[PDB]
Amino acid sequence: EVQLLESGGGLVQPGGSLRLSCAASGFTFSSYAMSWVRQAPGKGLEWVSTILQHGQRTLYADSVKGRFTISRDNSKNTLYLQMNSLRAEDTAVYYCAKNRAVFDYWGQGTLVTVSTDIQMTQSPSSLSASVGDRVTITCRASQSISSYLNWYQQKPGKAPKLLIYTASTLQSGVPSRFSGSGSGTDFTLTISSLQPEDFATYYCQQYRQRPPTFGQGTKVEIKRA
């Protein structure tokens, strides 16, 4: 089984520094690029950084350029994010993810507390439904992204899980009631019959352009009493 274990999160003062670590097992660590994606409290997913297979090249998001440094030790199968000059905006749960575009495995995340791109828009923002219902989520892109569109499921209290990649291809182990379709700028994720485990927040992510960008997400919750 594939395992990603983050550590290093904690409370720090603004301007301070932290070092996050990710321990990987169950796959050839050196064969893949590794990324950090963060989620601010009550907000959506945001790609932070990516490092290539042998540490040759690194990419950063504009908000962290100059303050963050990603590194890896392929002998220790470990990934590092050195966060310097921390700000209040940096407060978030930081996730360790495999790959650079299609994040097929995620760690559980570590919480860090501080005392021109393609825009993806999801609709609805939230929706209340019941078991057995049919749910349809729409993801729209500011410019054409062909079919380079992924869908992630994030159950409450859990890390994101890859559902669909390249618009319509189901990930191994995903139930058939999930289906994805669309092209260009307009995409849909459909759950044909809701099950109690399907109540979660769903995110769409484009990897047509670097950096990859996410939608705000769609919360699918049970109908309140």
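We number the residues from 1 along the sequence you see.
- In the deposited sequence, the stretch from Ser115 to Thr116 hides 10 or more residues that have no coordinates.
- Mean CA B-factor, 54-62 versus 195-203: the higher value falls on 54-62.
- According to the PDB record, 69-77 carries the higher mean C-alpha B-factor of the two stretches 69-77 and 105-113.
- When the C-alpha B-factors of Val93, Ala88, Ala129, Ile145 are read from the PDB record, the largest value belongs to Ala88.
- Which of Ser25, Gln216, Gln13, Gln209 has the largest Cα B-factor in the deposited entry comes down to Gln13.
- Sorting the modelled residues of the chain by their CA temperature factor places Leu5 in the middle third.
- Sort the chain's modelled residues by C-alpha temperature factor and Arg140 lands in the highest third, per the entry.
- Among the modelled residues of the chain, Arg177 sits in the middle third by CA temperature factor in this PDB entry.
- Annotation for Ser168: C-alpha temperature factor in the middle third relative to the rest of the modelled chain, per the entry.
- In this PDB entry, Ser125 carries a Cα temperature factor that places it within the middle third of its chain's modelled residues.
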